[PDB]
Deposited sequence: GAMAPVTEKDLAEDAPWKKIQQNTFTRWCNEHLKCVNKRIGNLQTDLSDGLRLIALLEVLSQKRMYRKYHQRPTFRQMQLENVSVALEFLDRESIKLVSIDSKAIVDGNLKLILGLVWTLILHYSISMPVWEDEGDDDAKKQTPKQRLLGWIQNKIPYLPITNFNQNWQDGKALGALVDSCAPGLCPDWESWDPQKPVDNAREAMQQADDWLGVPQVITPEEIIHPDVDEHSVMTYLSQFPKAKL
């Protein structure tokens, strides 16, 4: 329908789709156990109901405020989201610039911001990681570095681009899954990433919340990669 300009493409950098995609799959992995799912992150949290459901699963606590089970009107949706945001505030989960109308009105930047807050808190900062003062990002880097001691791991973008670090991580978790990772061709990144991540999925129970084509994308963002890699320190330790 509408023409796509050079500016349109530049202003919708490829990481934005990758991050939205990855954050959505992460949400869906946590919502599956309550028989819910998100098709579109921009719209599907806006009445508050799926956000409330997600918060209960993540926190393992129930809402203590009444809310609207059939939030047909804007004011009901605002109240539902406000319950969700108070819940986070009172759990000392720091949010910045996120208010109720941002979520109700499909402000995608702020919605992604909120979902990242949840990932960083519940999947990166909080969990118990065995076998291995410090930001959540540093914690995850440290855990990963201990698993693959022969590669310098300092970031969640360029270090993963050739797909071999993925091989190294998966084999270190279970030697025999990706034993020949060091002899892999760095110029075959999609092949490398797919093999490693499918092995991790099939054997180590690690869901592909980011895809092989996404994780090696030259413009991939660190938050998307962190979301995926934070899954490893559960058991594989």
Next item on the list: Quickly check which stretches of the deposited sequence aren't in the model, judged by C-alpha, and list them in order.
Entry: 1-2, 135-140
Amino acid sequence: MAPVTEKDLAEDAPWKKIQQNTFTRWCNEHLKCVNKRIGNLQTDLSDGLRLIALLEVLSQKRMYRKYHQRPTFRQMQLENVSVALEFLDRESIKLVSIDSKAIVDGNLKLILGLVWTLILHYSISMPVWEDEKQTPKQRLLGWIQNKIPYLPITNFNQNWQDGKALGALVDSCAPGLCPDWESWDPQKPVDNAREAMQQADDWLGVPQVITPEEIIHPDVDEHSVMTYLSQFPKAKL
From here on, numbers count along this sequence of modelled residues.
Next item on the list: Tell me which of 120-128 and 67-75 has the higher mean C-alpha B-factor in the deposited entry.
Entry: 120-128
Note to self: Quick check: 159-167 versus 89-97, which has the larger average CA B-factor in the record?
What the structure shows: 89-97
Next item on the list: Name the third of the chain's ranked CA B-factors that contains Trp26, choosing lowest, middle or highest.
Entry: lowest
Next item on the list: Report the third (lowest, middle or highest) to which the CA temperature factor of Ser82 belongs, ranking only the modelled residues of the same chain.
Entry: lowest
Note to self: Quick check for you: using the entry's CA B-factors within this chain, is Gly113 in the lowest, middle or highest third?
What the structure shows: middle
Note to self: Using only modelled residues of the chain, where does the Cα B factor of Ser183 rank: lowest third, middle third or highest third?
What the structure shows: highest
Notebook entry, point to check: Looking at the C-alpha B-factor of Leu41, is it in the lowest, middle or highest third of its chain?
Noted result: middle
